[PDB]
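S.K.: This is the structure, below, for whatever I ask next.
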Amino acid sequence: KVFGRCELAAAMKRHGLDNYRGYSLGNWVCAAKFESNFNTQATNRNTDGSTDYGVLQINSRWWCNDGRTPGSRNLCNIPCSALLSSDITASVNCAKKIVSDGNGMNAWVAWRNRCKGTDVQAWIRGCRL
């Protein structure tokens, strides 16, 4: 499913991501834009052999099981294909563990590089939330 900017903002909100660990909604929406272009079906393989899945591009080295990443840890306890669904619930629950992990949203490279220190509020402007 390719979400609309405001549709995604609204679902993320409803899912408890707004201000989750001090990161406002605009942060989450910006990171989703840059990680997957709002497409829940986005996948990207990494040099290490791991793969990023879904709207939030969650890595199979640590967070989910895809059956082909040796030494994966499966911290979110889910198969990686669950992260590709039209329903963002598992992506969200998993992102919440990730962000609680220590480095915050810095875990997301596009967030760090394209979102961080920018006017992220722009991302939810005009939305009915």
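Within each chain, counting starts at residue 1; across the structure tokens, chains are named A, B, ... in the order shown, with ligands numbered 1 upward in that order.
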List every residue of segment 12-84 of chain A that DSSP, applied to the backbone of this structure, assigns to helix (DSSP H, G or I), and report them as a list in words.
M.R.: residues 12, 13, 14, 25, 26, 27, 28, 29, 30, 31, 32, 33, 34, 35, 36, 80, 81, 82, 83 and 84 of chain A
S.K.: Near segment 19-32 of chain A, counting only C-alpha atoms, which residues have an atom at most 7 Å away, once you skip same-chain residues fewer than 4 positions from it, shown as an mmCIF file with N, CA and C atoms, in the first residue's frame?
M.R.:
```
data_model
loop_
_atom_site.group_PDB
_atom_site.id
_atom_site.type_symbol
_atom_site.label_atom_id
_atom_site.label_comp_id
_atom_site.auth_asym_id
_atom_site.auth_seq_id
_atom_site.Cartn_x
_atom_site.Cartn_y
_atom_site.Cartn_z
ATOM 1 N N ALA A 9 0.213 9.907 8.581
ATOM 2 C CA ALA A 9 0.308 10.748 9.784
ATOM 3 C C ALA A 9 -0.832 10.349 10.701
ATOM 4 N N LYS A 13 -0.399 8.287 14.269
ATOM 5 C CA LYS A 13 -0.928 9.003 15.467
ATOM 6 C C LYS A 13 -1.822 8.109 16.281
ATOM 7 N N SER A 36 11.014 4.661 2.613
ATOM 8 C CA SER A 36 10.224 3.876 1.710
ATOM 9 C C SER A 36 9.341 4.643 0.710
ATOM 10 N N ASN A 37 9.380 5.977 0.738
ATOM 11 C CA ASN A 37 8.462 6.728 -0.118
ATOM 12 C C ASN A 37 6.987 6.394 0.229
ATOM 13 N N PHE A 38 6.733 6.043 1.490
ATOM 14 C CA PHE A 38 5.395 5.716 2.029
ATOM 15 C C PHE A 38 4.823 4.408 1.487
ATOM 16 N N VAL A 55 7.557 0.278 5.391
ATOM 17 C CA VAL A 55 7.504 1.706 5.431
ATOM 18 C C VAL A 55 8.612 2.327 6.253
ATOM 19 N N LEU A 56 9.100 1.601 7.236
ATOM 20 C CA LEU A 56 10.127 2.126 8.091
ATOM 21 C C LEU A 56 11.441 1.446 7.874
ATOM 22 N N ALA A 110 18.134 7.571 6.972
ATOM 23 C CA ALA A 110 17.525 8.724 6.256
ATOM 24 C C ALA A 110 17.008 9.772 7.242
ATOM 25 N N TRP A 111 16.597 9.304 8.441
ATOM 26 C CA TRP A 111 16.126 10.265 9.445
ATOM 27 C C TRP A 111 17.271 11.191 9.835
ATOM 28 N N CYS A 115 16.124 14.285 7.854
ATOM 29 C CA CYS A 115 15.077 14.785 8.743
ATOM 30 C C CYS A 115 15.558 15.596 9.912
ATOM 31 N N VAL A 120 10.552 19.530 10.656
ATOM 32 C CA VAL A 120 9.766 18.316 10.419
ATOM 33 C C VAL A 120 8.256 18.513 10.566
ATOM 34 N N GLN A 121 7.869 19.600 11.189
ATOM 35 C CA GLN A 121 6.463 19.888 11.364
ATOM 36 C C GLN A 121 5.803 20.101 10.016
ATOM 37 N N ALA A 122 6.637 20.449 9.038
ATOM 38 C CA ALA A 122 6.157 20.638 7.681
ATOM 39 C C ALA A 122 5.421 19.385 7.173
ATOM 40 N N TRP A 123 5.885 18.237 7.652
ATOM 41 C CA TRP A 123 5.375 16.936 7.258
ATOM 42 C C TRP A 123 3.907 16.662 7.626
ATOM 43 N N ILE A 124 3.392 17.360 8.626
ATOM 44 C CA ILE A 124 1.990 17.143 9.003
ATOM 45 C C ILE A 124 1.122 18.376 8.766
#
```
S.K.: Distance atom CA of residue 2 of chain A-atom CA of residue 87 of chain A, one decimal place?
M.R.: 11.3 Å
S.K.: Just want the 10 Å neighbourhood of residue 10 of chain A, counted on only C-alpha atoms, with same-chain residues fewer than 2 positions away dropped. Output as a list in words.
M.R.: residues 4, 5, 6, 7, 8, 12, 13, 14, 15, 17, 18, 25, 29, 124, 127, 128 and 129 of chain A
S.K.: With N, CA, C and O atoms retained, could you export that selection as a short mmCIF file (atom, residue, chain, number, x, y, z; two decimals), in the first residue's frame?
M.R.:
```
data_model
loop_
_atom_site.label_atom_id
_atom_site.label_comp_id
_atom_site.auth_asym_id
_atom_site.auth_seq_id
_atom_site.Cartn_x
_atom_site.Cartn_y
_atom_site.Cartn_z
N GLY A 4 -0.80 8.04 1.57
CA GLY A 4 -0.83 9.47 1.40
C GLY A 4 -0.13 10.07 2.65
O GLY A 4 -0.15 9.49 3.71
N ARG A 5 0.52 11.21 2.53
CA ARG A 5 1.22 11.83 3.63
C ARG A 5 0.35 11.99 4.85
O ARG A 5 0.73 11.56 5.94
N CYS A 6 -0.85 12.58 4.69
CA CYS A 6 -1.77 12.77 5.86
C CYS A 6 -2.41 11.48 6.34
O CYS A 6 -2.75 11.35 7.52
N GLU A 7 -2.66 10.53 5.41
CA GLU A 7 -3.26 9.27 5.85
C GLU A 7 -2.31 8.54 6.80
O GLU A 7 -2.70 7.94 7.78
N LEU A 8 -1.04 8.56 6.42
CA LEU A 8 -0.02 7.91 7.22
C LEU A 8 0.20 8.58 8.58
O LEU A 8 0.37 7.87 9.56
N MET A 12 -0.30 6.68 12.12
CA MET A 12 0.82 6.64 13.01
C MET A 12 0.40 7.19 14.32
O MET A 12 0.74 6.58 15.33
N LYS A 13 -0.40 8.29 14.27
CA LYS A 13 -0.93 9.00 15.47
C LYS A 13 -1.82 8.11 16.28
O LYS A 13 -1.71 7.93 17.47
N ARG A 14 -2.72 7.51 15.56
CA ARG A 14 -3.64 6.59 16.15
C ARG A 14 -2.89 5.42 16.76
O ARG A 14 -3.38 4.80 17.69
N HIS A 15 -1.70 5.12 16.23
CA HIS A 15 -0.90 4.03 16.74
C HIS A 15 0.03 4.41 17.91
O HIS A 15 0.79 3.56 18.36
N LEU A 17 2.45 6.86 17.97
CA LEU A 17 3.79 7.32 17.65
C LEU A 17 4.03 8.78 17.89
O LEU A 17 5.18 9.21 17.96
N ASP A 18 3.00 9.63 17.95
CA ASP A 18 3.22 11.09 18.17
C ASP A 18 3.80 11.35 19.52
O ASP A 18 3.17 11.01 20.53
N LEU A 25 5.27 13.63 15.70
CA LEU A 25 4.68 13.01 14.49
C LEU A 25 5.46 13.33 13.22
O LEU A 25 5.62 12.45 12.40
N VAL A 29 6.84 10.76 10.10
CA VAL A 29 6.37 10.89 8.72
C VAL A 29 7.52 11.21 7.79
O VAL A 29 7.59 10.70 6.68
N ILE A 124 3.39 17.36 8.63
CA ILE A 124 1.99 17.14 9.00
C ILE A 124 1.12 18.38 8.77
O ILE A 124 -0.04 18.43 9.09
N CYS A 127 -2.77 18.57 7.58
CA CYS A 127 -3.50 17.38 7.87
C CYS A 127 -4.54 17.51 8.96
O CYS A 127 -4.37 18.22 9.93
N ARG A 128 -5.62 16.77 8.79
CA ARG A 128 -6.64 16.78 9.81
C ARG A 128 -6.31 15.75 10.85
O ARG A 128 -6.59 14.58 10.69
N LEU A 129 -5.67 16.15 11.92
CA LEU A 129 -5.36 15.17 12.95
C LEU A 129 -6.01 15.64 14.22
O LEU A 129 -6.54 16.79 14.16
#
```
S.K.: Find the distance between atom CA of residue 43 of chain A and atom CA of residue 57 of chain A and write it in Å to one decimal.
M.R.: 7.2 Å
S.K.: Would you please work out which residue, of A:16, A:104, A:75, A:54, is nearest to residue 33 of chain A when using only C-alpha atoms?
M.R.: A:54
S.K.: Taking only C-alpha atoms into account, which of A:113, A:69, A:59, A:44 comes nearest residue 95 of chain A?
M.R.: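 Distance minimum relative to residue 95 of chain A lands on A:59.
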